[PDB]
Amino acid sequence: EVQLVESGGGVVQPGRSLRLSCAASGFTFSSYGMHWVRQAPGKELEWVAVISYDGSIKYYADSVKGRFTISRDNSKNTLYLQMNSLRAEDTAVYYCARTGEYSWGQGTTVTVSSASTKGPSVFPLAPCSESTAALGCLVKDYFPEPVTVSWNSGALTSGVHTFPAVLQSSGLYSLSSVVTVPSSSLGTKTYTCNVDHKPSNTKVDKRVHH
Amino acid sequence: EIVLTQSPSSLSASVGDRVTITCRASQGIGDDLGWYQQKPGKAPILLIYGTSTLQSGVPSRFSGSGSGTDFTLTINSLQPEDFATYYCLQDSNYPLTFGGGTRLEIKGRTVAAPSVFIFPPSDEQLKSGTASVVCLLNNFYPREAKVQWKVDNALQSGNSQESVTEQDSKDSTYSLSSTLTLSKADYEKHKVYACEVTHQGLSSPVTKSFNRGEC
């Protein structure tokens, strides 16, 4: 089966450079032509670069020209994208595309930002004072993505909602994880949220009291 | 560049329904328009290459139609595996262009109002000099909802961030979170913090509120 594997993405500061690679396999790499694409968080996909089968003709987008440069090593079966002078707009997941006169990879994620690696602060979400009750944890002021949340070490999945994180104006991420339970269960069952942020090696369990 | 306008934005259908999605080309692109399927956290799947030319690995359920400026993706006999977001693409000339996308939602079996909760800031966060008031809307349908923060009857804006889960596939519902963020100094100047929710399932807008010291 024809395949492309992207790599080289990561967290980078603005104005800095980064080059992606795309290992092509399962097809004659020197004959086929290649494309670069990117998808910003939530937005539609966006084309950025195109190269010929030999590296002859090359064309970028307007937001990337003069900073992004496309290339290809036909001997190692690889397509390259050097991205210089990176800007916050460039933050996206970049996919490697084949073309025919198509097949898309998993993509590699590039996050450009001036924030530093920082573990999250976990706070209880408990109501103030009905058949169903709600509790949760707020996972605030962390970067980079992702963080994982489970409830009672994975035993409590029914009624759990872990929302997609949002990017705050400070450049830090934040999310909430909630669970709704029968209002009678309060007082004999316990509810603790488990938060993992691998980049900062942050592991926290917080038991939420109503 | 050539603008591909996709219609509609979101779209609800049931397992079995026959549904079609429109993509329009700002100027002529010929027969070179294709169609892609993307599910959350996945890579785009090439449904169709150019116009109606269906591709290997895709069932005959899918169909392309149109030519020139107007194009259409049509799916016969909807299956649970086909609920995703669909994107039209043209490689007629550079730069390559994509449509705004059409998210294919599960047509909710019936209208469900959200369960609304409001969470005050924790004391320990109040230590940190900041305050986060959270408003939760639980398991509602349809997705369209309106959450308005009130602080001593003053309508807030630019003040909060919103988050939506993907559509639950057991009950076809959605959940929404709204975080209002103040400083401790700001938070302590005001007394009643209210969350007002407008949704189709609620005949009147529901207001869940708390007052400082109450918690």
# chains A, B, ... in the order shown; residues from 1 in each chain; ligands from 1
call {"tool": "closest_atom_pairs", "arguments": {"of": "chain A", "to": "chain B", "cutoff": "10 Å", "atoms": "only C-alpha atoms", "output": "JSON lines"}}
result
{"residue": "A:35", "atom": "CA", "partner": "B:96", "partner_atom": "CA", "distance": 9.8}
{"residue": "A:37", "atom": "CA", "partner": "B:96", "partner_atom": "CA", "distance": 9.4}
{"residue": "A:43", "atom": "CA", "partner": "B:100", "partner_atom": "CA", "distance": 8.1}
{"residue": "A:44", "atom": "CA", "partner": "B:100", "partner_atom": "CA", "distance": 5.9}
{"residue": "A:45", "atom": "CA", "partner": "B:98", "partner_atom": "CA", "distance": 6.3}
{"residue": "A:46", "atom": "CA", "partner": "B:98", "partner_atom": "CA", "distance": 6.7}
{"residue": "A:47", "atom": "CA", "partner": "B:96", "partner_atom": "CA", "distance": 5.6}
{"residue": "A:48", "atom": "CA", "partner": "B:95", "partner_atom": "CA", "distance": 7.7}
{"residue": "A:49", "atom": "CA", "partner": "B:95", "partner_atom": "CA", "distance": 8.4}
{"residue": "A:50", "atom": "CA", "partner": "B:94", "partner_atom": "CA", "distance": 8.7}
{"residue": "A:59", "atom": "CA", "partner": "B:94", "partner_atom": "CA", "distance": 7.8}
{"residue": "A:60", "atom": "CA", "partner": "B:95", "partner_atom": "CA", "distance": 7.6}
{"residue": "A:61", "atom": "CA", "partner": "B:95", "partner_atom": "CA", "distance": 6.4}
{"residue": "A:62", "atom": "CA", "partner": "B:95", "partner_atom": "CA", "distance": 8.9}
{"residue": "A:95", "atom": "CA", "partner": "B:43", "partner_atom": "CA", "distance": 8.2}
{"residue": "A:99", "atom": "CA", "partner": "B:91", "partner_atom": "CA", "distance": 9.3}
{"residue": "A:100", "atom": "CA", "partner": "B:49", "partner_atom": "CA", "distance": 9.3}
{"residue": "A:101", "atom": "CA", "partner": "B:91", "partner_atom": "CA", "distance": 10.0}
{"residue": "A:102", "atom": "CA", "partner": "B:46", "partner_atom": "CA", "distance": 6.0}
{"residue": "A:103", "atom": "CA", "partner": "B:46", "partner_atom": "CA", "distance": 6.8}
{"residue": "A:104", "atom": "CA", "partner": "B:44", "partner_atom": "CA", "distance": 6.7}
{"residue": "A:105", "atom": "CA", "partner": "B:43", "partner_atom": "CA", "distance": 6.6}
{"residue": "A:106", "atom": "CA", "partner": "B:43", "partner_atom": "CA", "distance": 5.5}
{"residue": "A:107", "atom": "CA", "partner": "B:43", "partner_atom": "CA", "distance": 7.6}
{"residue": "A:121", "atom": "CA", "partner": "B:125", "partner_atom": "CA", "distance": 8.6}
{"residue": "A:122", "atom": "CA", "partner": "B:125", "partner_atom": "CA", "distance": 8.8}
{"residue": "A:123", "atom": "CA", "partner": "B:122", "partner_atom": "CA", "distance": 6.5}
{"residue": "A:124", "atom": "CA", "partner": "B:122", "partner_atom": "CA", "distance": 6.3}
{"residue": "A:125", "atom": "CA", "partner": "B:119", "partner_atom": "CA", "distance": 5.7}
{"residue": "A:126", "atom": "CA", "partner": "B:119", "partner_atom": "CA", "distance": 5.7}
{"residue": "A:127", "atom": "CA", "partner": "B:119", "partner_atom": "CA", "distance": 4.9}
{"residue": "A:128", "atom": "CA", "partner": "B:215", "partner_atom": "CA", "distance": 5.5}
{"residue": "A:129", "atom": "CA", "partner": "B:215", "partner_atom": "CA", "distance": 7.9}
{"residue": "A:132", "atom": "CA", "partner": "B:115", "partner_atom": "CA", "distance": 8.7}
{"residue": "A:133", "atom": "CA", "partner": "B:117", "partner_atom": "CA", "distance": 8.5}
{"residue": "A:134", "atom": "CA", "partner": "B:117", "partner_atom": "CA", "distance": 7.1}
{"residue": "A:135", "atom": "CA", "partner": "B:119", "partner_atom": "CA", "distance": 8.6}
{"residue": "A:136", "atom": "CA", "partner": "B:119", "partner_atom": "CA", "distance": 9.1}
{"residue": "A:138", "atom": "CA", "partner": "B:132", "partner_atom": "CA", "distance": 8.8}
{"residue": "A:140", "atom": "CA", "partner": "B:132", "partner_atom": "CA", "distance": 9.4}
{"residue": "A:159", "atom": "CA", "partner": "B:139", "partner_atom": "CA", "distance": 9.4}
{"residue": "A:161", "atom": "CA", "partner": "B:175", "partner_atom": "CA", "distance": 7.4}
{"residue": "A:162", "atom": "CA", "partner": "B:165", "partner_atom": "CA", "distance": 7.6}
{"residue": "A:163", "atom": "CA", "partner": "B:165", "partner_atom": "CA", "distance": 5.5}
{"residue": "A:164", "atom": "CA", "partner": "B:163", "partner_atom": "CA", "distance": 6.3}
{"residue": "A:165", "atom": "CA", "partner": "B:163", "partner_atom": "CA", "distance": 7.3}
{"residue": "A:166", "atom": "CA", "partner": "B:163", "partner_atom": "CA", "distance": 7.0}
{"residue": "A:167", "atom": "CA", "partner": "B:161", "partner_atom": "CA", "distance": 8.9}
{"residue": "A:168", "atom": "CA", "partner": "B:161", "partner_atom": "CA", "distance": 8.2}
{"residue": "A:174", "atom": "CA", "partner": "B:179", "partner_atom": "CA", "distance": 9.8}
{"residue": "A:175", "atom": "CA", "partner": "B:163", "partner_atom": "CA", "distance": 8.3}
{"residue": "A:176", "atom": "CA", "partner": "B:177", "partner_atom": "CA", "distance": 7.8}
{"residue": "A:177", "atom": "CA", "partner": "B:177", "partner_atom": "CA", "distance": 9.5}
{"residue": "A:178", "atom": "CA", "partner": "B:136", "partner_atom": "CA", "distance": 8.5}
{"residue": "A:179", "atom": "CA", "partner": "B:138", "partner_atom": "CA", "distance": 9.6}
{"residue": "A:180", "atom": "CA", "partner": "B:138", "partner_atom": "CA", "distance": 8.4}
call {"tool": "closest_residue", "arguments": {"among": "A:131, A:150, A:79, A:39", "to": "residue 185 in chain A", "atoms": "only C-alpha atoms"}}
result
A:131
call {"tool": "residues_around", "arguments": {"residues": "residue 186 in chain B", "least_positions_apart": "4", "cutoff": "9 Å", "atoms": "only C-alpha atoms", "output": "list in words"}}
result
residues 130, 131, 182 and 190 of chain B
call {"tool": "atom_distance", "arguments": {"atom1": "CA of residue 93 in chain B", "atom2": "CA of residue 24 in chain A"}}
result
24.4 Å
call {"tool": "closest_residue", "arguments": {"among": "B:104, B:206, B:149, B:173", "to": "residue 194 in chain B", "atoms": "only C-alpha atoms"}}
result
B:149
call {"tool": "closest_residue", "arguments": {"among": "A:143, A:29, A:173, A:36", "to": "residue 94 in chain A", "atoms": "only C-alpha atoms"}}
result
A:36
call {"tool": "residues_around", "arguments": {"residues": "residue 73 in chain B", "least_positions_apart": "4", "cutoff": "10 Å", "atoms": "only C-alpha atoms", "output": "JSON, numbers by chain"}}
result
{"B": [19, 20, 21, 22, 23, 34, 35, 36, 47, 48, 51, 52, 62, 63, 64, 65, 66, 86, 87, 88]}
call {"tool": "atom_distance", "arguments": {"atom1": "CA of residue 21 in chain A", "atom2": "CA of residue 119 in chain A"}}
result
29.5 Å
call {"tool": "atom_distance", "arguments": {"atom1": "CA of residue 137 in chain B", "atom2": "CA of residue 195 in chain B"}}
result
10.3 Å
call {"tool": "closest_residue", "arguments": {"among": "B:180, B:30, B:17, B:114", "to": "residue 157 in chain B", "atoms": "only C-alpha atoms"}}
result
B:180
call {"tool": "closest_residue", "arguments": {"among": "B:147, B:2, B:78, B:15", "to": "residue 59 in chain B", "atoms": "only C-alpha atoms"}}
result
B:78
